[PDB]
Amino acid sequence: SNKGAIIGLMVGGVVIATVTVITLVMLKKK
């Protein structure tokens, strides 16, 4: 359908993956 369609999920796929790492550290402040 579109080879570029995935190129847009690059920037949106890294951010959501970064916040997940920080979240784990948040609760670690226990």
# chains A, B, ... in the order shown; residues from 1 in each chain; ligands from 1
$ select_by_dssp --residues "chain A" --states "helix (DSSP H, G or I)" --output "list in words"
residues 9, 10, 11, 12, 13, 14, 15, 16, 17, 18, 19, 20, 21, 22, 23, 24, 25, 26 and 27 of chain A
$ write_last_selection --atoms "C-alpha atoms" --output "JSON list (two decimals), in the first residue's frame"
[["chain", "number", "residue", "atom", "x", "y", "z"],
["A", 9, "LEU", "CA", 5.99, 4.88, 12.62],
["A", 10, "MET", "CA", 9.72, 5.35, 13.19],
["A", 11, "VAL", "CA", 9.53, 8.56, 15.23],
["A", 12, "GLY", "CA", 6.26, 7.51, 16.83],
["A", 13, "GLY", "CA", 7.56, 4.06, 17.68],
["A", 14, "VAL", "CA", 10.71, 5.23, 19.47],
["A", 15, "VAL", "CA", 9.03, 7.79, 21.72],
["A", 16, "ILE", "CA", 6.44, 5.33, 23.05],
["A", 17, "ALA", "CA", 9.31, 2.92, 23.64],
["A", 18, "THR", "CA", 11.32, 5.52, 25.57],
["A", 19, "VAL", "CA", 8.55, 6.56, 27.95],
["A", 20, "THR", "CA", 8.15, 2.90, 28.91],
["A", 21, "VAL", "CA", 11.75, 2.77, 30.13],
["A", 22, "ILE", "CA", 11.38, 5.93, 32.22],
["A", 23, "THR", "CA", 8.15, 4.63, 33.75],
["A", 24, "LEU", "CA", 9.98, 1.60, 35.14],
["A", 25, "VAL", "CA", 12.47, 3.95, 36.81],
["A", 26, "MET", "CA", 9.66, 6.06, 38.26],
["A", 27, "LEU", "CA", 8.24, 3.23, 40.38]]
